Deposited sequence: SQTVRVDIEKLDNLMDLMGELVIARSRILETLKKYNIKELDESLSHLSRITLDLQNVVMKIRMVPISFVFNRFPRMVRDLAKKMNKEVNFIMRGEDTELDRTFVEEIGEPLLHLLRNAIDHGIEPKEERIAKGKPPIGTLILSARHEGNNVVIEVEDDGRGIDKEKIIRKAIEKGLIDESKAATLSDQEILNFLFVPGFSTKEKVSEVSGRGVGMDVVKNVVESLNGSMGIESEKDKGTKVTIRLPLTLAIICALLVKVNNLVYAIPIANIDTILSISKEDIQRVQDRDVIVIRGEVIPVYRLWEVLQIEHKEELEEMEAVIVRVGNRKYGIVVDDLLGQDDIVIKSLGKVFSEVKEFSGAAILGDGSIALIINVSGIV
């Protein structure tokens, strides 16, 4: 039995292609469910059979059980526990959950930081433990599982929580928070502060950096004196999302339909500048407009008296993206270029359109 040296790029093409295939299949299947010709069904079923089996084989080439990374943790946790004179009940779940070989080497250290973090500022000393009337032995859980097109990983504990007020008063000092906008902030955007470089040595920002370079996402959930639950979501296979194709200076960009609110057709008189940015008011609501070409360091090419503004949506605050044209909707395959786009504020990645072409994905959050 032999093996062959295969370039990592080739395995990436296979991945993209498979994702493309998933979409092609699905579409041809949907555009002809009405016809009820037995000969046709049997051909469709064959296509799907081969398509599904093809995806399987690519997965086998790329997948690996998360055991690889998980296995070394109990001992490390056992030892981190000794140094900090505190006993902990460590529990791992779904160690057999499979993920991309690429992830094993990289997710290892970020996961350790979360476990260590839990053992320091999570689980409290036996003194506090008893004062709050919580069990003497603390609980630390590392979970792994599949959900949709994501390899989900969570680290849970019954520590001291986070105390959101600690973050508010601490954030009011340096930059961002004023004070009256803090009392109007969502509960997740305070736990999100935890990622800003100036807070809380390694931090917590560096962990999210890694998970993002892998095209994954990180989340925090905590309750004062109850515990903390940090979630990491990793792509299982490539991500397929519906997007709005937009044209600017003849180039095509994609805006995730998920973030889109409604599309306007604003004019020049319709714009009014207030200090640093331009804005439009819609039903008494102030929405800051941004010309995509100004954001991408590009040039003007005939200012159309009637412009089109894709009004986007961030958690609680919304904006507007003025573009040249609106090509239409499209199901697209997001490429594994995490390392590449994680450094760019303007884009969140590159996608593969049905066309067969590549379009950058406008990163709405990075344009505020």
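Where C-alpha coordinates are absent, the deposited sequence of this PDB chain has only the segment 201 to 211.
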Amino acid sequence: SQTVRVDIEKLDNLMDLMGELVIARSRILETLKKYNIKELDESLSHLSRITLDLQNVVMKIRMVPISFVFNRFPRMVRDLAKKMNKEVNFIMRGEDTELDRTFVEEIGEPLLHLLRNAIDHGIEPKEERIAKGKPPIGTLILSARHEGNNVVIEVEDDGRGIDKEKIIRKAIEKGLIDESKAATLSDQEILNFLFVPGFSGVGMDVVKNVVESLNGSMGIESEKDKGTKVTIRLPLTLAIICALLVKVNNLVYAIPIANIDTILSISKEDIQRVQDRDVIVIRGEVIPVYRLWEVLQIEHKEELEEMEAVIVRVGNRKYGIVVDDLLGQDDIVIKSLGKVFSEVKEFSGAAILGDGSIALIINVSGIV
From here on, numbers count along this sequence of modelled residues.
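When the two stretches 238 to 246 and 164 to 172 are set side by side, the higher mean Cα temperature factor goes to 164 to 172. When the mean C-alpha temperature factors of 272 to 280 and 111 to 119 are read from the deposited coordinates, 272 to 280 comes out higher.
Comparing the listed residues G94, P74, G198, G227, the entry records the largest Cα B-factor for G198.
Out of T231, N85, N149, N209, the entry records its largest CA B-factor for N85.
Per the PDB record, residue ranking by Cα B-factor puts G219 in the middle third of the chain. When the modelled residues of the chain are ordered by C-alpha B-factor, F193 sits in the highest third. Annotation for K60: CA B-factor lies in the middle third of the chain's modelled residues. Among all modelled residues in this chain, the alpha-carbon of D205 has a temperature factor (C-alpha) in the highest third. Compared with the other modelled residues of the chain, the Cα B-factor recorded for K339 ranks in the middle third.
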